[PDB]
Amino acid sequence: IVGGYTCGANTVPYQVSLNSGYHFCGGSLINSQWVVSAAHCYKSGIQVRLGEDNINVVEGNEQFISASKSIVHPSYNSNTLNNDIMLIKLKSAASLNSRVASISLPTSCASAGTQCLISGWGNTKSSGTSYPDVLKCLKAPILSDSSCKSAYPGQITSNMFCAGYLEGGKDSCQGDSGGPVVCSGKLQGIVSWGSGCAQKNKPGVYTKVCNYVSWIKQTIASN
Ligand SMILES: [Ca+2]
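Residues numbered from 1 in each chain as written, not as in the entry; some residues may be left out. Heavy atoms only, no water.

In terms of determination method and resolution, the entry is listed under X-ray crystallography at 2.20 Å.

**Student:** Mind showing me how you'd approach the coordination of the calcium ion here?
**Tutor:** Around the calcium ion, the protein contributes the donor atoms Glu52 (OE), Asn54 (O), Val57 (O) and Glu62 (OE), at 2.3 Å from the metal centre. Look at where the donors of the calcium ion fall in the sequence and you get E-x1-N-x2-V-x4-E. Here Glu52 is found in the loop between β5 (47-50) and β6 (63-72), whereas its partner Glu62 is found in the loop between β5 and β6, with 10 residues between them in sequence. In terms of burial, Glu52 and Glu62 fall into one category: buried. (Donors = N, O, S within 2.8 Å, 3.2 Å for Na, K, Ca; no water. Helix = DSSP H or I, 4+ residues; strand = E, 2+ residues; numbered from the N terminus. Buried < 20%, exposed > 50% of the residue type's maximum accessible area, 1.4 Å probe, protein only.)

**Student:** How should the environment of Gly26 be read in this particular structure?
**Tutor:** Positionally, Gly26 belongs in strand β3 (residues 23-31). Overall, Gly26 belongs to the buried group, its relative accessible area being 1%. Spatially, the C-alpha atom of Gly26 lies 6.3 Å from that of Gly120, the residues being 94 residues apart in sequence. Excluding its chain neighbours within four sequence positions, the residues that come into contact with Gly26 are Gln15, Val16, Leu18, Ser37, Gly175, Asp176, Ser177, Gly178 and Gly179. (Contact = heavy atoms within 4.5 Å.)

**Student:** It is not clear to me how the environment of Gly3 should be interpreted in this structure. Could you clarify?
**Tutor:** With respect to the element layout, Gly3 can be found in the segment before β1 (5-6). Distance from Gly3 to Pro132, taken between C-alpha atoms, is 12 Å for residues 129 residues apart in sequence. Not counting chain neighbours up to four residues away, the residues in contact with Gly3 comprise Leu138, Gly169 and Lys170.

**Student:** Whenever I open this one, the UniProt feature "binding site: Ca(2+)" in the chain confuses me. Can you help?
**Tutor:** Under the UniProt annotation, the feature "binding site: Ca(2+)" is placed at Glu52, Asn54, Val57 and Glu62. Among the residues examined, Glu52 registers a relative accessible area of 5% and is labelled buried. Setting aside anything within four residues of it in sequence, one finds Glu52 in contact with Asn10, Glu62, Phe64 and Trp121. You can see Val57 is positioned in the loop between β5 and β6. (UniProt positions renumbered as here; feature names shortened; annotations may be inferred.)

**Student:** Sorry, what's going on with the state of the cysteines here?
**Tutor:** What is meant by a disulfide is a covalent connection between two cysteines, made through their sulfur atoms. Applying the stated criterion across every chain, the model contains six disulfides. Paired by a disulfide, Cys25 and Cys41 hold their sulfur atoms 2.1 Å apart. The disulfide joining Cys25 to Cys41 has a torsion of about -80 degrees about its S-S bond and is therefore left-handed. Taken as a pair, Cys25 in strand β3 and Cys41 in the loop between β4 (34-37) and β5 lie far apart in primary sequence, 16 residues in all. Across the pair, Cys41 and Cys25 agree in class, each one buried. Between the sulfur atoms of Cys109 and its disulfide partner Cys210 the distance amounts to 2.1 Å. Taking the torsion about the sulfur-sulfur bond, which here is approximately 90 degrees, the covalent link between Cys109 and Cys210 counts as right-handed. In this pair, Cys109 sits in the loop between β7 (86-90) and β8 (115-120) while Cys210 sits in the loop between β13 (204-208) and α2 (213-222), placing the two residues 101 residues apart along the sequence. Among the residues examined, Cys109 registers a relative accessible area of 37% and is labelled partly exposed. Taking the relative accessible area as the measure of exposure, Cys210 reaches 15% and is therefore buried. Here the disulfide map of the chain reads 1-6, 2-3, 4-12, 5-10, 7-8, 9-11, the bonded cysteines being numbered as they appear in the sequence. (Disulfide = S-S within 2.5 Å.)

And the structure:
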């Protein structure tokens, strides 16, 4: 997250870190056994880390649980990032409490101008590289369809939306991928892609979660 702020320990209790001997992506806990992330974060050997703030210090509150299933959307396209969504089943159920909690799925899609919360342990620099210890947060609005498409001609599908700031300086970034965009208590977005990060006129592009609610529920119910 570039241009964000320190969330504070366990203030985003649905935020998870996907770990493969190192933090590589975020995710969102949607029930005690299931995490939503990005398809482009897929790999085998995923360990899900819940209840994290400082990802480099064992603070108390952590639960480390291996992924038993990692399910990429069947129509995921790795060139366009259309359908950039993955469901991870946990080997055992997480223990839910104030510091480890699920986030609700949308009942409808959010609107342009709606303010959301984006979070992760990704790069904090628009030019170089700096990875934080603690979880970073950013408040960002959903942009209009047309603005998003003007920013990224021919690349925005109906399963994507733009959020953030056209002036530069405030965005998600590498290492935030798969993490949450929460608006009015609902998981509306997944950190997906963008041109660089926090670059002028290149806002963040997010997987549009409201299109996948039925797919999520059926996939969960079948597995
Ligand atoms: Ca920790």
